[PDB]
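Report on one structure; see the data block that follows.
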Amino acid sequence: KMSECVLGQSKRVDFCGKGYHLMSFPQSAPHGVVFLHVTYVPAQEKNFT
Amino acid sequence: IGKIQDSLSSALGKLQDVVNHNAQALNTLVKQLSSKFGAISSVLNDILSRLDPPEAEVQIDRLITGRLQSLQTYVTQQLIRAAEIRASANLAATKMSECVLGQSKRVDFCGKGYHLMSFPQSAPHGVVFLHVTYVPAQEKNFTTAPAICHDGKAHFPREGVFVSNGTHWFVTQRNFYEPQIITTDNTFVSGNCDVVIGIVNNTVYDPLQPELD
Amino acid sequence: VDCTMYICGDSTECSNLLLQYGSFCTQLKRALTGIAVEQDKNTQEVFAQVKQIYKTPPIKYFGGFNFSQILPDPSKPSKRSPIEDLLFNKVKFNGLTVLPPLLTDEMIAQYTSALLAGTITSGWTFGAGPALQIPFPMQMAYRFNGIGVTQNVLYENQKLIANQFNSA
Amino acid sequence: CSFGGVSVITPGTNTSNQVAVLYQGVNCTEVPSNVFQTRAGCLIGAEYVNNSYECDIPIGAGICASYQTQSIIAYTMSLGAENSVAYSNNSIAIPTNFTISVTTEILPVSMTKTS
Ligand SMILES: *[C@@H]1O[C@H](CO)[C@@H](O[C@@H]2O[C@H](CO)[C@@H](O)[C@H](O)[C@H]2NC(C)=O)[C@H](O)[C@H]1NC(C)=O
Ligand SMILES: *[C@@H]1O[C@H](CO)[C@@H](O[C@@H]2O[C@H](CO)[C@@H](O)[C@H](O)[C@H]2NC(C)=O)[C@H](O)[C@H]1NC(C)=O
Ligand SMILES: *[C@@H]1O[C@H](CO)[C@@H](O[C@@H]2O[C@H](CO)[C@@H](O)[C@H](O)[C@H]2NC(C)=O)[C@H](O)[C@H]1NC(C)=O
Ligand SMILES: *[C@@H]1O[C@H](CO)[C@@H](O[C@@H]2O[C@H](CO)[C@@H](O)[C@H](O)[C@H]2NC(C)=O)[C@H](O)[C@H]1NC(C)=O
Ligand SMILES: *[C@@H]1O[C@H](CO)[C@@H](O[C@@H]2O[C@H](CO)[C@@H](O)[C@H](O)[C@H]2NC(C)=O)[C@H](O)[C@H]1NC(C)=O
Ligand SMILES: *[C@@H]1O[C@H](CO)[C@@H](O[C@@H]2O[C@H](CO)[C@@H](O)[C@H](O)[C@H]2NC(C)=O)[C@H](O)[C@H]1NC(C)=O
Ligand SMILES: *[C@@H]1O[C@H](CO)[C@@H](O)[C@H](O)[C@H]1NC(C)=O
Ligand SMILES: *[C@@H]1O[C@H](CO)[C@@H](O)[C@H](O)[C@H]1NC(C)=O
Ligand SMILES: *[C@@H]1O[C@H](CO)[C@@H](O)[C@H](O)[C@H]1NC(C)=O
Ligand SMILES: *[C@@H]1O[C@H](CO)[C@@H](O)[C@H](O)[C@H]1NC(C)=O
């Protein structure tokens, strides 16, 4: 995840959150890591022919 | 490719480790055949020679219990070591699919750089991948803008970046410097030039307009 | 764990009797030492993924977007960020000993802030070679292309997009 | 009391026969020159310098040792160089050349079948 979501942009579905992965930021936790995933979510659709 | 050959001919510690661990465990298994575990000796031909059958049962059981314990410890640690070799082989099988029979876009999965191609080589109990990647070099700075304003319209590059060498404005592709004149063939239009922040004023050249005339 | 001191423990009648079991205690110490050496390699593999220790510029103004809650806090001994401070407030015997990790968590926070400044300043170029600066709005527009949105959708909605990021 | 493991730090017998000794998480006043107190125990036989190098022999809690300054030394490891990106609101860097690089990756697939 640090390689593919923080050092790049991923096209793997759901590997870096819900939506279309834009970017990710790491934070250190005690004995662990936290990833803040920024994604794009579409909204307010209309129907068409 | 000529330097791989030197650096190896002159590094396989992950393969040497596996071998060493297995040998160190097999030796510890045999070296336990010479402990008493609380008996008079370690030899069954010595308990069956200075003890009558009713007294040698008690001494043989003390050896049986110890040797069973040692064999079962050996068999547990092999299950735990095989579950780790299995995951490594599962990763090697994925790298053979995704780096050798394809081009990967995953970052740092098939080397460091931009993956071009991969070649496999067999090793004693494993596999070596030779990863060929592209690495950009020798960068310059320029100044940029997000869009160009011309005739009251805002133009964006189709597949590049707008750059300036100090006095003139070009389009490059983003990973290799190769400047081009900004025309209506490598840009597209959307909107008027007062909502983007950072627009610059410059001329966008129409190829038909002169040539026709 | 010291096998001999957990089992016997001081006494001497127990050490000579335990000597009769062979290398059972040497195996256990090897097993526990391997585990402890693996825990440092876990952390080296997650966090030491960067060549240089990158710094953000002083002005600290990326076309708007506001990263202040996740950049390091200069008024601290640990130099953690505001969210890393929130996360750290929520989480001798009979031969037993606890070894310290090789990396302090000051060092870990220093690796994470450098990964952050690499991303905010160079996008994805520092992960493939030398860091190449690019303005943040233009990097955001490159990323909108990667999900299949046309890049004027970003430039014509920059303020709204930055406000939504900041609220989230 | 004050029990603990004892570790021996050596540059390798093919380099020297000097040695340093770590008494693990023991206060360095109750051990029985260079006596140096660490978060990992008491170190004897190495001098503490103020420089900082790349880690050589890992002691712990950020301290490493080396045979440099002849003898072994202690210090705090180095995370890495220091690169300063000249970021601005209208500056870009673009590469003008490239290098083709090739690296290796080694992976175990099997182990020996024993019965
Ligand atoms: C697009 O049109 C469809 C109908 O063709 C809408 O679907 C209906 O939604 C309503 C409200 O939720 C339901 O009561 C109906 O039963 C749905 N129709 C069917 C056939 O099930 C849909 O909501 C419209 N979407 C948009 C964005 O306009
Ligand atoms: C891009 O331009 C910047 C701006 O001058 C250069 O970065 C400076 O370089 C000088 C000399 O190396 C340093 O003393 C400054 O500290 C740098 N940063 C500043 C001024 O903010 C950089 O060298 C240029 N890059 C290339 C590839 O030419
Ligand atoms: C930016 O690049 C342009 C190239 O188009 C340079 O302008 C030309 O320079 C050549 C050689 O100096 C002249 O023969 C041309 O007459 C110039 N103009 C044109 C329209 O081609 C310009 O000098 C460069 N600027 C900097 C600062 O390097
Ligand atoms: C880019 O070009 C436009 C049009 O040529 C400039 O707009 C003019 O700016 C001057 C000076 O501010 C005004 O007096 C005119 O009324 C403007 N005309 C229009 C149609 O807007 C604009 O200023 C230029 N931008 C820069 C930075 O020079
Ligand atoms: C980035 O966001 C933070 C909020 O998390 C801003 O800091 C707060 O700003 C409001 C007013 O805008 C104050 O009332 C708070 O006291 C601030 N909190 C602090 C300083 O911890 C910060 O100003 C934003 N950055 C910029 C450049 O606007
Ligand atoms: C791009 O880089 C290559 C080096 O990788 C340059 O080619 C070298 O040029 C020097 C000087 O002319 C020679 O001594 C080397 O033998 C060349 N290397 C090889 C592998 O042939 C090349 O000139 C660079 N291109 C640009 C435009 O700067
Ligand atoms: C960039 O910052 C400068 C301050 O030096 C400011 O004058 C200018 O308006 C800014 N431009 C953009 C596009 O943010
Ligand atoms: C080990 O000894 C050999 C010969 O004595 C020498 O060539 C080699 O450099 C030595 N290795 C080290 C690490 O000093
Ligand atoms: C060791 O004991 C002395 C005497 O009380 C004390 O000053 C010192 O702090 C102790 N060591 C450590 C690491 O605290
Ligand atoms: C290391 O630097 C500190 C600075 O506070 C100084 O007090 C100390 O004496 C130095 N150590 C040596 C061995 O010179």
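To be explicit about the labels: the chains of the structure tokens are called A, B, and onward in the order shown, and within each one the residues are counted from 1, while ligands get numbers from 1 in the order they are shown.
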Using only C-alpha atoms and all ligand atoms, what table do you get, as JSON lines, when you list each residue of chain D with an atom no more than 12 Å from ligand 9, its nearest pair of atoms, and their distance in Å rounded to one decimal, rows by chain then rising number?
```
{"residue": "D:2", "atom": "CA", "partner": "ligand 9", "partner_atom_place_in_ligand_line": "1 (C)", "distance": 11.3}
{"residue": "D:24", "atom": "CA", "partner": "ligand 9", "partner_atom_place_in_ligand_line": "13 (C)", "distance": 11.5}
{"residue": "D:25", "atom": "CA", "partner": "ligand 9", "partner_atom_place_in_ligand_line": "13 (C)", "distance": 8.5}
{"residue": "D:26", "atom": "CA", "partner": "ligand 9", "partner_atom_place_in_ligand_line": "13 (C)", "distance": 8.1}
{"residue": "D:27", "atom": "CA", "partner": "ligand 9", "partner_atom_place_in_ligand_line": "1 (C)", "distance": 4.9}
{"residue": "D:28", "atom": "CA", "partner": "ligand 9", "partner_atom_place_in_ligand_line": "1 (C)", "distance": 6.5}
{"residue": "D:29", "atom": "CA", "partner": "ligand 9", "partner_atom_place_in_ligand_line": "1 (C)", "distance": 6.1}
{"residue": "D:30", "atom": "CA", "partner": "ligand 9", "partner_atom_place_in_ligand_line": "1 (C)", "distance": 8.2}
{"residue": "D:31", "atom": "CA", "partner": "ligand 9", "partner_atom_place_in_ligand_line": "1 (C)", "distance": 10.8}
{"residue": "D:36", "atom": "CA", "partner": "ligand 9", "partner_atom_place_in_ligand_line": "13 (C)", "distance": 10.3}
{"residue": "D:37", "atom": "CA", "partner": "ligand 9", "partner_atom_place_in_ligand_line": "13 (C)", "distance": 6.7}
{"residue": "D:38", "atom": "CA", "partner": "ligand 9", "partner_atom_place_in_ligand_line": "13 (C)", "distance": 7.4}
{"residue": "D:39", "atom": "CA", "partner": "ligand 9", "partner_atom_place_in_ligand_line": "13 (C)", "distance": 7.1}
{"residue": "D:40", "atom": "CA", "partner": "ligand 9", "partner_atom_place_in_ligand_line": "13 (C)", "distance": 9.3}
{"residue": "D:41", "atom": "CA", "partner": "ligand 9", "partner_atom_place_in_ligand_line": "13 (C)", "distance": 8.0}
{"residue": "D:42", "atom": "CA", "partner": "ligand 9", "partner_atom_place_in_ligand_line": "13 (C)", "distance": 8.7}
{"residue": "D:43", "atom": "CA", "partner": "ligand 9", "partner_atom_place_in_ligand_line": "13 (C)", "distance": 12.0}
```
Ligand 7 neighbours within 10 Å using only C-alpha atoms and all ligand atoms, as a PDB file with N, CA, C and O atoms, in the first residue's frame:
```pdb
ATOM      1  N   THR B 144       5.557  27.143 -15.857  1.00  0.00           N
ATOM      2  CA  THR B 144       4.349  26.536 -16.385  1.00  0.00           C
ATOM      3  C   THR B 144       3.139  27.428 -16.193  1.00  0.00           C
ATOM      4  O   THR B 144       3.148  28.392 -15.431  1.00  0.00           O
ATOM      5  N   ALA B 145       2.089  27.078 -16.918  1.00  0.00           N
ATOM      6  CA  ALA B 145       0.759  27.621 -16.759  1.00  0.00           C
ATOM      7  C   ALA B 145      -0.225  26.489 -16.969  1.00  0.00           C
ATOM      8  O   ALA B 145       0.094  25.516 -17.653  1.00  0.00           O
ATOM      9  N   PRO B 146      -1.396  26.572 -16.390  1.00  0.00           N
ATOM     10  CA  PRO B 146      -2.395  25.525 -16.597  1.00  0.00           C
ATOM     11  C   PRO B 146      -3.111  25.589 -17.933  1.00  0.00           C
ATOM     12  O   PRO B 146      -3.569  24.563 -18.442  1.00  0.00           O
ATOM     13  N   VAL B 196     -10.227  30.051 -14.760  1.00  0.00           N
ATOM     14  CA  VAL B 196      -8.969  29.399 -14.414  1.00  0.00           C
ATOM     15  C   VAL B 196      -8.065  30.418 -13.741  1.00  0.00           C
ATOM     16  O   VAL B 196      -8.060  31.590 -14.112  1.00  0.00           O
ATOM     17  N   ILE B 197      -7.294  29.989 -12.744  1.00  0.00           N
ATOM     18  CA  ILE B 197      -6.351  30.880 -12.086  1.00  0.00           C
ATOM     19  C   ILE B 197      -4.941  30.457 -12.472  1.00  0.00           C
ATOM     20  O   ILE B 197      -4.542  29.310 -12.260  1.00  0.00           O
ATOM     21  N   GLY B 198      -4.210  31.369 -13.087  1.00  0.00           N
ATOM     22  CA  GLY B 198      -2.921  31.083 -13.644  1.00  0.00           C
ATOM     23  C   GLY B 198      -2.834  31.107 -15.149  1.00  0.00           C
ATOM     24  O   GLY B 198      -1.757  30.860 -15.674  1.00  0.00           O
ATOM     25  N   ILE B 199      -3.929  31.400 -15.855  1.00  0.00           N
ATOM     26  CA  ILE B 199      -3.892  31.508 -17.309  1.00  0.00           C
ATOM     27  C   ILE B 199      -2.825  32.509 -17.731  1.00  0.00           C
ATOM     28  O   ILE B 199      -2.597  33.524 -17.065  1.00  0.00           O
ATOM     29  N   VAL B 200      -2.165  32.233 -18.850  1.00  0.00           N
ATOM     30  CA  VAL B 200      -1.282  33.218 -19.454  1.00  0.00           C
ATOM     31  C   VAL B 200      -1.793  33.543 -20.844  1.00  0.00           C
ATOM     32  O   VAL B 200      -2.512  32.769 -21.468  1.00  0.00           O
TER      33      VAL B 200
ATOM     34  N   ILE C  59       6.954  28.945   2.795  1.00  0.00           N
ATOM     35  CA  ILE C  59       5.723  29.635   2.447  1.00  0.00           C
ATOM     36  C   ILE C  59       4.524  28.751   2.769  1.00  0.00           C
ATOM     37  O   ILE C  59       3.540  29.209   3.339  1.00  0.00           O
ATOM     38  N   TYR C  61       2.095  27.117   0.824  1.00  0.00           N
ATOM     39  CA  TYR C  61       0.829  27.468   0.207  1.00  0.00           C
ATOM     40  C   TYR C  61       0.692  26.717  -1.104  1.00  0.00           C
ATOM     41  O   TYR C  61       1.204  27.167  -2.115  1.00  0.00           O
ATOM     42  N   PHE C  62      -0.004  25.586  -1.076  1.00  0.00           N
ATOM     43  CA  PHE C  62      -0.214  24.780  -2.274  1.00  0.00           C
ATOM     44  C   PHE C  62      -1.553  25.120  -2.920  1.00  0.00           C
ATOM     45  O   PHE C  62      -2.572  24.497  -2.626  1.00  0.00           O
ATOM     46  N   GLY C  63      -1.541  26.115  -3.802  1.00  0.00           N
ATOM     47  CA  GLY C  63      -2.742  26.550  -4.488  1.00  0.00           C
ATOM     48  C   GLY C  63      -4.013  26.554  -3.667  1.00  0.00           C
ATOM     49  O   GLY C  63      -5.108  26.590  -4.209  1.00  0.00           O
ATOM     50  N   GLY C  64      -3.870  26.516  -2.353  1.00  0.00           N
ATOM     51  CA  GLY C  64      -5.013  26.522  -1.463  1.00  0.00           C
ATOM     52  C   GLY C  64      -4.984  25.321  -0.550  1.00  0.00           C
ATOM     53  O   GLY C  64      -4.567  25.386   0.594  1.00  0.00           O
ATOM     54  N   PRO C 135       3.488  22.238  -9.707  1.00  0.00           N
ATOM     55  CA  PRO C 135       2.496  22.885  -8.839  1.00  0.00           C
ATOM     56  C   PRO C 135       1.345  21.952  -8.484  1.00  0.00           C
ATOM     57  O   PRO C 135       0.934  21.113  -9.279  1.00  0.00           O
ATOM     58  N   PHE C 136       0.798  22.129  -7.279  1.00  0.00           N
ATOM     59  CA  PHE C 136      -0.126  21.134  -6.739  1.00  0.00           C
ATOM     60  C   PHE C 136      -1.429  21.047  -7.524  1.00  0.00           C
ATOM     61  O   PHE C 136      -1.954  19.950  -7.708  1.00  0.00           O
ATOM     62  N   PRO C 137      -1.909  22.182  -8.024  1.00  0.00           N
ATOM     63  CA  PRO C 137      -3.134  22.205  -8.828  1.00  0.00           C
ATOM     64  C   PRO C 137      -2.949  21.410 -10.122  1.00  0.00           C
ATOM     65  O   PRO C 137      -3.877  20.730 -10.558  1.00  0.00           O
TER      66      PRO C 137
ATOM     67  N   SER D  88       7.400  25.735  -6.179  1.00  0.00           N
ATOM     68  CA  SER D  88       6.839  27.068  -6.355  1.00  0.00           C
ATOM     69  C   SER D  88       5.488  26.934  -7.048  1.00  0.00           C
ATOM     70  O   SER D  88       5.154  25.868  -7.547  1.00  0.00           O
ATOM     71  N   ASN D  89       4.707  28.007  -7.075  1.00  0.00           N
ATOM     72  CA  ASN D  89       3.386  27.953  -7.699  1.00  0.00           C
ATOM     73  C   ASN D  89       3.359  28.115  -9.216  1.00  0.00           C
ATOM     74  O   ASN D  89       2.313  28.410  -9.787  1.00  0.00           O
ATOM     75  N   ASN D  90       4.496  27.918  -9.870  1.00  0.00           N
ATOM     76  CA  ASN D  90       4.558  28.040 -11.323  1.00  0.00           C
ATOM     77  C   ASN D  90       5.875  27.553 -11.911  1.00  0.00           C
ATOM     78  O   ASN D  90       6.325  28.042 -12.939  1.00  0.00           O
TER      79      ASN D  90
END
```
Give one line per residue of chain D that approaches ligand 6 to at most 12 Å, naming the two atoms of the closest pair and their distance in Å to one decimal, counting only C-alpha atoms and all ligand atoms; sort by chain then ascending residue number and deliver it as a Markdown table.
```
| residue | atom | partner | partner_atom_place_in_ligand_line | distance |
| --- | --- | --- | --- | --- |
| D:95 | CA | ligand 6 | 28 (O) | 10.2 |
| D:96 | CA | ligand 6 | 27 (C) | 6.7 |
| D:97 | CA | ligand 6 | 1 (C) | 5.0 |
| D:98 | CA | ligand 6 | 1 (C) | 6.6 |
| D:99 | CA | ligand 6 | 5 (O) | 6.1 |
| D:100 | CA | ligand 6 | 5 (O) | 8.6 |
| D:101 | CA | ligand 6 | 5 (O) | 10.8 |
```
Let's have the selection written as a CSV table (one decimal), in the first residue's frame, with C-alpha atoms.
```csv
chain,number,residue,atom,x,y,z
D,95,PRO,CA,13.8,15.3,-17.7
D,96,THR,CA,16.0,15.6,-20.8
D,97,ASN,CA,17.6,12.1,-20.8
D,98,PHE,CA,17.1,8.6,-19.3
D,99,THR,CA,19.0,5.6,-18.1
D,100,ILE,CA,18.1,2.0,-18.7
D,101,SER,CA,18.7,0.1,-15.5
```
Point to revise | Near-ligand residues for ligand 1, threshold 6 Å, only C-alpha atoms and all ligand atoms, as a ChimeraX atom specification | key: /A:45-47
Atoms to include: N, CA and C atoms. Write the selected residues as a CSV table (one decimal), in the first residue's frame.
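Everything below was put into selection.csv:
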```csv
chain,number,residue,atom,x,y,z
A,45,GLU,N,-26.8,12.1,-10.4
A,45,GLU,CA,-26.9,11.7,-11.7
A,45,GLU,C,-28.3,12.0,-12.3
A,46,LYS,N,-28.3,12.2,-13.7
A,46,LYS,CA,-29.5,12.3,-14.4
A,46,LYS,C,-29.5,11.2,-15.4
A,47,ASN,N,-30.8,10.9,-15.9
A,47,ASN,CA,-30.9,9.8,-16.9
A,47,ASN,C,-31.1,10.5,-18.2
```
Exercise for review: Please identify every polymer residue within 10 Å of ligand 5, using only C-alpha atoms and all ligand atoms, and present the set as a ChimeraX atom specification.
Suggested key: /C:59-62,64-70,82,166-167
